[PDB]
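K.L.:
Sharing target19.cif (mmCIF, C-alpha atoms) below.
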data_structure
loop_
_atom_site.label_atom_id
_atom_site.label_comp_id
_atom_site.auth_asym_id
_atom_site.auth_seq_id
_atom_site.Cartn_x
_atom_site.Cartn_y
_atom_site.Cartn_z
CA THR H 1 -8.09 -29.81 25.49
CA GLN H 2 -9.77 -28.79 28.75
CA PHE H 3 -10.29 -25.38 27.22
CA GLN H 4 -11.91 -26.65 24.02
CA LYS H 5 -14.23 -28.87 26.09
CA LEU H 6 -15.15 -25.98 28.41
CA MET H 7 -15.83 -23.67 25.45
CA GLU H 8 -18.10 -26.30 23.81
CA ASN H 9 -20.03 -26.80 27.05
CA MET H 10 -20.33 -23.05 27.73
CA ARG H 11 -21.50 -22.22 24.19
CA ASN H 12 -24.09 -25.00 24.40
CA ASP H 13 -25.37 -23.51 27.66
CA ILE H 14 -25.51 -19.94 26.35
CA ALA H 15 -27.43 -21.01 23.23
CA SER H 16 -29.86 -22.80 25.54
CA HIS H 17 -29.94 -19.91 28.04
CA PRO H 18 -29.12 -16.63 26.26
CA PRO H 19 -28.24 -13.66 28.51
CA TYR H 20 -25.55 -7.74 33.51
CA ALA H 21 -23.83 -4.95 35.47
CA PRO H 22 -20.09 -4.53 34.63
CA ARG H 23 -17.70 -3.80 37.48
CA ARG H 24 -13.90 -3.68 37.61
CA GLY H 25 -12.57 -7.13 38.38
CA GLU H 26 -15.88 -8.89 37.70
CA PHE H 27 -15.99 -12.05 35.58
CA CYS H 28 -18.38 -12.26 32.65
CA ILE H 29 -18.91 -13.69 29.24
CA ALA H 30 -18.14 -11.34 26.34
CA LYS H 31 -19.30 -11.65 22.74
CA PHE H 32 -16.27 -11.09 20.48
CA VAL H 33 -16.40 -9.67 16.89
CA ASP H 34 -16.69 -13.22 15.52
CA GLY H 35 -20.14 -13.31 17.18
CA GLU H 36 -19.01 -15.97 19.65
CA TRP H 37 -18.99 -15.88 23.45
CA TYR H 38 -15.83 -16.09 25.55
CA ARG H 39 -14.84 -15.91 29.22
CA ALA H 40 -13.70 -12.38 30.13
CA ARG H 41 -12.92 -10.05 33.04
CA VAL H 42 -14.06 -6.42 33.21
CA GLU H 43 -10.86 -4.40 33.56
CA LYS H 44 -11.99 -0.82 33.15
CA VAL H 45 -15.45 0.74 32.92
CA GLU H 46 -15.01 3.93 30.87
CA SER H 47 -18.73 4.13 30.09
CA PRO H 48 -21.74 1.89 29.28
CA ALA H 49 -20.74 1.82 25.61
CA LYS H 50 -17.06 1.35 26.48
CA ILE H 51 -16.36 -1.63 28.80
CA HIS H 52 -12.69 -2.67 28.65
CA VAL H 53 -12.52 -6.47 28.94
CA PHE H 54 -9.73 -8.99 28.96
CA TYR H 55 -10.43 -12.38 27.41
CA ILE H 56 -9.08 -14.55 30.19
CA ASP H 57 -8.39 -17.59 28.06
CA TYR H 58 -6.85 -15.89 25.03
CA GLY H 59 -5.05 -12.76 26.27
CA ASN H 60 -6.74 -10.29 23.93
CA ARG H 61 -8.29 -7.04 25.14
CA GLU H 62 -11.31 -5.25 23.75
CA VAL H 63 -13.52 -2.25 24.42
CA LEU H 64 -17.20 -3.11 23.84
CA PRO H 65 -20.75 -2.19 24.89
CA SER H 66 -22.20 -3.79 28.02
CA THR H 67 -24.98 -5.14 25.80
CA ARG H 68 -22.37 -7.66 24.60
CA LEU H 69 -21.64 -8.91 28.14
CA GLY H 70 -23.37 -11.60 30.22
CA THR H 71 -23.06 -13.50 33.49
CA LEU H 72 -20.43 -16.25 33.67
CA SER H 73 -22.28 -19.36 35.02
CA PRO H 74 -20.71 -21.21 38.00
CA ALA H 75 -20.23 -24.23 35.72
CA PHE H 76 -17.61 -22.21 33.76
CA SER H 77 -15.87 -20.22 36.50
CA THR H 78 -12.11 -20.06 37.05
CA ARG H 79 -12.48 -22.70 39.81
CA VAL H 80 -13.64 -25.07 37.10
CA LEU H 81 -10.75 -24.07 34.79
CA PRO H 82 -8.29 -21.27 35.53
CA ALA H 83 -7.78 -18.38 33.13
CA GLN H 84 -5.73 -19.86 30.30
CA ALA H 85 -3.95 -16.57 29.51
CA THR H 86 -1.96 -14.23 31.83
CA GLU H 87 -3.66 -10.93 32.64
CA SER N 1 -20.44 -15.33 11.01
CA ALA N 2 -19.82 -12.77 8.27
CA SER N 3 -18.76 -9.16 8.71
CA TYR N 4 -16.28 -8.26 5.99
CA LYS N 5 -14.09 -5.23 6.64
CA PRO N 6 -11.97 -3.60 3.92
CA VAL N 7 -8.32 -3.63 5.05
CA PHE N 8 -5.01 -2.68 3.49
CA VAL N 9 -2.58 -5.56 3.97
CA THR N 10 0.88 -4.04 4.70
CA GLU N 11 3.21 -6.88 5.70
CA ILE N 12 3.40 -10.66 5.52
CA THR N 13 5.68 -12.08 8.18
CA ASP N 14 7.99 -15.05 7.74
CA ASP N 15 5.72 -16.99 10.11
CA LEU N 16 2.79 -16.46 7.73
CA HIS N 17 1.09 -13.88 9.93
CA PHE N 18 0.21 -10.52 8.45
CA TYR N 19 -0.48 -6.97 9.40
CA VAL N 20 -3.42 -4.93 8.09
CA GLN N 21 -4.66 -1.38 8.32
CA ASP N 22 -8.31 -0.37 8.60
CA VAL N 23 -9.18 1.37 5.34
CA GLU N 24 -11.50 3.70 7.32
CA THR N 25 -8.61 5.49 9.05
CA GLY N 26 -6.31 5.52 6.00
CA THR N 27 -6.68 9.22 5.25
CA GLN N 28 -6.01 10.26 8.87
CA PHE N 29 -2.86 8.18 8.70
CA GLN N 30 -1.90 9.85 5.39
CA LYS N 31 -2.41 13.31 6.93
CA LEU N 32 -0.34 12.47 10.03
CA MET N 33 2.58 11.12 8.00
CA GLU N 34 2.79 14.24 5.84
CA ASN N 35 2.53 16.50 8.90
CA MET N 36 5.15 14.46 10.74
CA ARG N 37 7.55 14.31 7.80
CA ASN N 38 7.37 18.08 7.32
CA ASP N 39 8.20 18.60 11.00
CA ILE N 40 11.16 16.18 10.83
CA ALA N 41 12.52 18.01 7.78
CA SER N 42 12.40 21.33 9.65
CA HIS N 43 13.63 19.89 12.97
CA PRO N 44 15.96 16.95 12.21
CA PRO N 45 16.78 14.77 15.23
CA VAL N 46 20.14 15.78 16.73
CA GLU N 47 22.49 13.16 18.18
CA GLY N 48 21.90 12.14 20.71
CA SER N 49 18.65 13.73 21.88
CA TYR N 50 17.20 10.22 21.69
CA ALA N 51 18.19 7.31 23.94
CA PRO N 52 16.72 3.98 22.74
CA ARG N 53 15.14 1.76 25.39
CA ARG N 54 13.07 -1.39 24.80
CA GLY N 55 9.39 -0.38 24.68
CA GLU N 56 10.00 3.26 23.77
CA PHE N 57 8.35 4.95 20.76
CA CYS N 58 10.42 6.79 18.15
CA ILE N 59 10.66 7.83 14.55
CA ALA N 60 12.76 5.61 12.32
CA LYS N 61 14.18 6.36 8.88
CA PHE N 62 13.30 3.46 6.57
CA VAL N 63 15.13 2.18 3.46
CA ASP N 64 13.20 4.56 1.20
CA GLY N 65 14.84 7.41 3.07
CA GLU N 66 11.55 8.41 4.68
CA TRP N 67 10.60 8.58 8.34
CA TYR N 68 7.88 6.50 10.00
CA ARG N 69 6.53 5.90 13.54
CA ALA N 70 8.20 3.01 15.34
CA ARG N 71 8.74 1.33 18.66
CA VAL N 72 12.01 0.01 20.05
CA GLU N 73 12.34 -3.71 20.70
CA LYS N 74 15.85 -5.22 21.31
CA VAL N 75 18.77 -2.80 21.80
CA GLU N 76 21.94 -4.69 20.79
CA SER N 77 24.24 -1.64 20.62
CA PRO N 78 23.95 1.95 19.35
CA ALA N 79 24.62 0.51 15.87
CA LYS N 80 21.97 -2.21 16.16
CA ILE N 81 18.56 -1.24 17.51
CA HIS N 82 15.61 -3.51 16.68
CA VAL N 83 12.50 -1.51 15.84
CA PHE N 84 8.88 -2.27 14.90
CA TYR N 85 7.08 0.06 12.47
CA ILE N 86 3.80 0.49 14.37
CA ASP N 87 1.63 1.59 11.45
CA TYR N 88 2.83 -1.04 8.95
CA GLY N 89 4.09 -4.08 10.86
CA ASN N 90 7.58 -4.60 9.46
CA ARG N 91 10.67 -4.72 11.63
CA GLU N 92 14.20 -3.50 11.04
CA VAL N 93 17.58 -3.30 12.77
CA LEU N 94 19.04 0.19 12.47
CA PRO N 95 21.68 2.47 14.00
CA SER N 96 20.62 5.10 16.53
CA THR N 97 21.54 7.73 13.92
CA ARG N 98 18.45 6.58 11.95
CA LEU N 99 16.17 7.02 14.97
CA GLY N 100 14.67 10.11 16.57
CA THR N 101 12.21 11.32 19.20
CA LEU N 102 8.52 10.80 18.37
CA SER N 103 7.08 14.20 19.24
CA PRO N 104 3.71 14.28 21.09
CA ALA N 105 1.91 15.88 18.12
CA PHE N 106 2.30 12.59 16.21
CA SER N 107 1.94 10.19 19.13
CA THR N 108 -0.20 7.10 19.54
CA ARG N 109 -2.62 9.24 21.59
CA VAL N 110 -3.20 11.47 18.55
CA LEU N 111 -3.60 8.45 16.27
CA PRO N 112 -3.31 4.83 17.44
CA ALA N 113 -0.87 2.36 15.89
CA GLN N 114 -2.48 1.56 12.55
CA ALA N 115 -1.32 -2.00 11.98
CA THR N 116 -3.07 -5.05 13.49
CA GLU N 117 -1.58 -8.58 13.39
CA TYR N 118 -3.67 -11.53 12.19
CA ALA N 119 -3.22 -15.14 11.16
CA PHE N 120 -5.12 -17.24 8.57
CA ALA N 121 -7.99 -19.33 9.93
CA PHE N 122 -8.29 -23.01 9.05
CA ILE N 123 -4.75 -23.63 7.86
CA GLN N 124 -1.46 -24.90 9.26
CA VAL N 125 1.70 -22.80 8.85
CA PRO N 126 4.28 -25.20 7.35
CA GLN N 127 7.00 -26.13 9.87
CA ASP N 128 9.71 -26.60 7.26
CA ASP N 129 11.47 -23.30 6.55
CA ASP N 130 11.52 -23.95 2.79
CA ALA N 131 7.81 -24.86 2.53
CA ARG N 132 6.88 -21.84 4.69
CA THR N 133 8.95 -19.49 2.52
CA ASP N 134 7.01 -20.78 -0.52
CA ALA N 135 3.67 -20.03 1.22
CA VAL N 136 4.77 -16.55 2.38
CA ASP N 137 6.05 -15.78 -1.15
CA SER N 138 2.63 -16.63 -2.66
CA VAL N 139 0.85 -14.37 -0.17
CA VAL N 140 3.37 -11.53 -0.65
CA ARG N 141 2.92 -11.72 -4.43
CA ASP N 142 -0.89 -11.80 -4.28
CA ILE N 143 -1.94 -9.52 -1.43
CA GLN N 144 0.94 -7.58 0.14
CA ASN N 145 0.37 -3.83 -0.09
CA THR N 146 -3.15 -4.31 -1.51
CA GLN N 147 -6.74 -3.89 -0.34
CA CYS N 148 -8.58 -7.04 0.83
CA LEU N 149 -11.72 -7.90 2.79
CA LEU N 150 -11.19 -9.43 6.22
CA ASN N 151 -13.55 -11.54 8.33
CA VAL N 152 -12.60 -12.44 11.91
CA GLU N 153 -13.17 -16.18 12.48
CA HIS N 154 -12.05 -16.71 16.11
CA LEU N 155 -9.72 -15.85 18.99
CA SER N 156 -6.49 -17.76 19.56
CA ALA N 157 -3.60 -17.76 22.04
CA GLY N 158 -1.78 -15.21 19.85
CA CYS N 159 -3.52 -12.96 17.33
CA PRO N 160 -7.01 -13.68 16.03
CA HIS N 161 -7.54 -16.01 13.07
CA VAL N 162 -9.28 -14.55 10.03
CA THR N 163 -10.16 -15.21 6.44
CA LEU N 164 -9.18 -12.80 3.71
CA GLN N 165 -10.99 -12.23 0.43
CA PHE N 166 -9.22 -10.99 -2.69
CA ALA N 167 -10.51 -7.85 -4.37
CA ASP N 168 -12.71 -8.36 -7.45
CA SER N 169 -14.39 -11.45 -5.93
CA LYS N 170 -11.37 -13.69 -6.72
CA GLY N 171 -12.05 -15.62 -3.52
CA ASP N 172 -10.67 -16.83 -0.21
CA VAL N 173 -6.89 -16.24 0.07
CA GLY N 174 -6.15 -18.99 2.60
CA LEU N 175 -8.29 -21.44 0.66
CA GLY N 176 -6.23 -20.57 -2.42
CA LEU N 177 -3.07 -21.57 -0.58
CA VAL N 178 -4.72 -24.90 0.25
CA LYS N 179 -5.82 -25.46 -3.37
CA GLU N 180 -2.24 -24.85 -4.50
CA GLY N 181 -0.78 -27.38 -2.04
CA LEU N 182 1.21 -24.65 -0.24
CA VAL N 183 -0.38 -25.20 3.21
CA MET N 184 -2.31 -27.99 4.98
CA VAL N 185 -5.77 -27.63 6.54
CA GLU N 186 -6.28 -27.15 10.28
CA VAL N 187 -9.31 -29.31 11.04
CA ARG N 188 -11.39 -27.21 13.47
CA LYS N 189 -13.94 -29.13 15.57
CA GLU N 190 -16.37 -26.29 16.45
CA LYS N 191 -19.86 -26.71 14.97
CA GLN N 192 -20.09 -23.44 13.07
CA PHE N 193 -16.86 -24.24 11.19
CA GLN N 194 -18.09 -27.64 9.94
CA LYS N 195 -19.10 -26.38 6.48
CA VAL N 196 -16.00 -24.25 5.85
CA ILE N 197 -13.70 -27.03 7.05
CA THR N 198 -15.40 -29.39 4.59
CA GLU N 199 -14.68 -26.86 1.81
CA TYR N 200 -11.01 -26.62 2.83
CA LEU N 201 -10.51 -30.41 3.11
CA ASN N 202 -12.00 -30.84 -0.37
CA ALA N 203 -9.54 -28.27 -1.76
CA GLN N 204 -6.75 -30.11 -0.01
CA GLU N 205 -7.80 -33.41 -1.59
CA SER N 206 -7.66 -31.60 -4.95
CA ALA N 207 -4.09 -30.37 -4.30
CA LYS N 208 -3.05 -33.87 -3.19
CA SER N 209 -4.41 -35.47 -6.41
CA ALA N 210 -2.69 -32.86 -8.54
CA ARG N 211 0.50 -33.49 -6.53
CA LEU N 212 1.14 -29.77 -6.00
CA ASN N 213 3.89 -28.26 -3.84
CA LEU N 214 3.65 -29.94 -0.39
CA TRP N 215 2.15 -32.97 -2.17
CA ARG N 216 4.84 -33.18 -4.87
CA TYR N 217 6.15 -36.50 -3.52
#
Using C-alpha cells, write down the structure that the file contains.
P.N.:
Amino acid sequence: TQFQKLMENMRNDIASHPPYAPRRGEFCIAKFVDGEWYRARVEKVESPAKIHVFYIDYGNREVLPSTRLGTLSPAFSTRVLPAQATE
Amino acid sequence: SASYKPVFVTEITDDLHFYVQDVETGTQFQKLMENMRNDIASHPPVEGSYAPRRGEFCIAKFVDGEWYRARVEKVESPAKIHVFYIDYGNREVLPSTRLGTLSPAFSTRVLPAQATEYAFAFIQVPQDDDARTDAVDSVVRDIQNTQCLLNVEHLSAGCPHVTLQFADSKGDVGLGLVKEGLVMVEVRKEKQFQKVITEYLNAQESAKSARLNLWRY
C-alpha cells in the first residue's frame, strides 16, 4: 500500500538521519513502544514527560516523553500522504 | 524489539482478539473491587436511579452474582442493554435491573479501565466461523484467565499486534497456533520481522506436512 511504502521510506530516512519542540497541533514522528517510528500529531502538552500524541495513520493515542518525538520530514508530510486514520 | 510485560489475560474474543490486564496494577484493581462491592451491598441501586445511554459508565451484575465496572454500548430496550466490562473485556446483554450508577469513588478517574485489547502478530484470523472457533477454543483453554508475557510488535488500524509467551517458558502462543495448523501465517514485509516470519512459515510448513486442522484436507 501507499502507507506501507511511505513507512518503509520514512524508517530508512530516520535510520540514516536519527533525530524537537512539541506544540498542540504540530506534526512529528513518535517512537511507539515497539521501538519503531510513526507519523503523529501533538494533541495535548501536559508536560515535557507527558506529550499526548495521536498516531495519524493508525488511530491510537499515547502519552510519552518529548525525547521520543522528532521532526516529520517534508518527504513524509500529510501532503505526500494524508493521515490514514481519523483524528 | 523485546520488552516483555507480565499481563493477566482476561478474555479471548470470538474474533481472536484478547484483553489483558497489567499485572502491576492488579492489587489496586483488587482493592477497588472489594471497596466497590461493599458499597453496593450497603447502597443497592434503586430502580430507576439509573438511565442507560450509549457511552455511559455503570456497574453491572455479572453471572456470578457479583458487580463489576461497565460501560453501556447498544440500548435495545430496558430488558436488553449491551454492556462492556471495562476491567475485563467481556460483553453482556442485561436488563436495566442488573445495572446501577457507577459512583465517583470507583470511577475511571480513580482507576483507569484495566483491560487493553490486543491481537496476535504474524497470524491470520481464520475467516471461516468453524475454523475460527477452533482457534479461539485453543487460546481459551491455554491462556484465558492466566498470566502471560506480552511483547508489542507493531501498530495496526485497530488494536496493536503482539506476541504472547506462555508461563514457564513454554513458548510463543501464536506460533503454537501455527504449529497446530489452527491459523495461517501473515507474511509481514518489514525488515525487522524477517527472522520471526521465517520461524512462523517453517512452523506452518510443519503443520501442513502433518496435515493438522486447517491442513486436514
K.L.:
Carefully work through the PyMOL selection byres ((chain N and resi 177-179) around 10) for this structure and note down the residues it includes, as a VMD selection string.
P.N.:
chain N and resid 122 to 124 135 to 136 138 to 139 172 to 176 180 to 185 200 to 208 210 212 214
K.L.:
Atom CA of residue N:189 and atom CA of residue N:143, how far apart in Å?
P.N.:
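The value is 28.6 Å.
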K.L.:
In Å, rounded to a single decimal, give me how far atom CA of residue N:199 is from atom CA of residue N:126.
P.N.:
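If I compute the distance from atom CA of residue N:126 to atom CA of residue N:199, I get 19.8 Å.
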K.L.:
With 7 Å as the limit and counting all atoms listed in the file, what residues in chain H lie close to chain N? Please list them as a list in words.
P.N.:
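Here they are: residues 33, 34, 35, 58 and 59 of chain H.
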K.L.:
Once you have the residues from the selection above, write them out as an mmCIF file, in the coordinates of the input, restricted to C-alpha atoms.
P.N.:
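Listing of selection_19.cif after writing:
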data_model
loop_
_atom_site.group_PDB
_atom_site.id
_atom_site.type_symbol
_atom_site.label_atom_id
_atom_site.label_comp_id
_atom_site.auth_asym_id
_atom_site.auth_seq_id
_atom_site.Cartn_x
_atom_site.Cartn_y
_atom_site.Cartn_z
ATOM 1 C CA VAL H 33 -16.400 -9.670 16.890
ATOM 2 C CA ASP H 34 -16.690 -13.220 15.520
ATOM 3 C CA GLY H 35 -20.140 -13.310 17.180
ATOM 4 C CA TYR H 58 -6.850 -15.890 25.030
ATOM 5 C CA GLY H 59 -5.050 -12.760 26.270
#
K.L.:
So what do you get for atom CA of residue H:32 versus atom CA of residue N:195, distance-wise?
P.N.:
20.9 Å
K.L.:
Please tell me which residues are no farther than 9 Å from (-23.0, -14.7, 34.8) in the file, counting only C-alpha atoms, and write them as a PyMOL selection string.
P.N.:
chain H and resi 19-20+27-29+69-74
K.L.:
Write the residues you've just listed into a file as an mmCIF file, in the frame of the given file, and include C-alpha atoms for each of them.
P.N.:
data_model
loop_
_atom_site.group_PDB
_atom_site.id
_atom_site.type_symbol
_atom_site.label_atom_id
_atom_site.label_comp_id
_atom_site.auth_asym_id
_atom_site.auth_seq_id
_atom_site.Cartn_x
_atom_site.Cartn_y
_atom_site.Cartn_z
ATOM 1 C CA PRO H 19 -28.240 -13.660 28.510
ATOM 2 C CA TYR H 20 -25.550 -7.740 33.510
ATOM 3 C CA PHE H 27 -15.990 -12.050 35.580
ATOM 4 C CA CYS H 28 -18.380 -12.260 32.650
ATOM 5 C CA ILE H 29 -18.910 -13.690 29.240
ATOM 6 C CA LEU H 69 -21.640 -8.910 28.140
ATOM 7 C CA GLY H 70 -23.370 -11.600 30.220
ATOM 8 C CA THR H 71 -23.060 -13.500 33.490
ATOM 9 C CA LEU H 72 -20.430 -16.250 33.670
ATOM 10 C CA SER H 73 -22.280 -19.360 35.020
ATOM 11 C CA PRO H 74 -20.710 -21.210 38.000
#
K.L.:
Counting all atoms listed in the file, which of N:149, N:75, N:197, N:115 gets nearest to residue N:18?
P.N.:
N:115
K.L.:
Nearest to residue H:37 among H:68, H:16, H:77, H:23, with distances taken over only C-alpha atoms: which residue is it?
P.N.:
H:68
K.L.:
Would you kindly return, as a PDB file with C-alpha atoms, in the frame of the given file, each protein, DNA or RNA residue with an atom no farther than 12 Å from any atom of residue N:32, considering all atoms listed in the file and excluding same-chain residues fewer than 6 positions away?
P.N.:
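Dumped to part37.pdb:
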ATOM      1  CA  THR N  25      -8.610   5.490   9.050  1.00  0.00           C
ATOM      2  CA  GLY N  26      -6.310   5.520   6.000  1.00  0.00           C
ATOM      3  CA  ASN N  38       7.370  18.080   7.320  1.00  0.00           C
ATOM      4  CA  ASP N  39       8.200  18.600  11.000  1.00  0.00           C
ATOM      5  CA  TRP N  67      10.600   8.580   8.340  1.00  0.00           C
ATOM      6  CA  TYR N  68       7.880   6.500  10.000  1.00  0.00           C
ATOM      7  CA  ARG N  69       6.530   5.900  13.540  1.00  0.00           C
ATOM      8  CA  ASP N  87       1.630   1.590  11.450  1.00  0.00           C
ATOM      9  CA  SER N 103       7.080  14.200  19.240  1.00  0.00           C
ATOM     10  CA  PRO N 104       3.710  14.280  21.090  1.00  0.00           C
ATOM     11  CA  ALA N 105       1.910  15.880  18.120  1.00  0.00           C
ATOM     12  CA  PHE N 106       2.300  12.590  16.210  1.00  0.00           C
ATOM     13  CA  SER N 107       1.940  10.190  19.130  1.00  0.00           C
ATOM     14  CA  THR N 108      -0.200   7.100  19.540  1.00  0.00           C
ATOM     15  CA  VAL N 110      -3.200  11.470  18.550  1.00  0.00           C
ATOM     16  CA  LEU N 111      -3.600   8.450  16.270  1.00  0.00           C
ATOM     17  CA  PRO N 112      -3.310   4.830  17.440  1.00  0.00           C
ATOM     18  CA  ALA N 113      -0.870   2.360  15.890  1.00  0.00           C
ATOM     19  CA  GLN N 114      -2.480   1.560  12.550  1.00  0.00           C
TER      20      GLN N 114
END
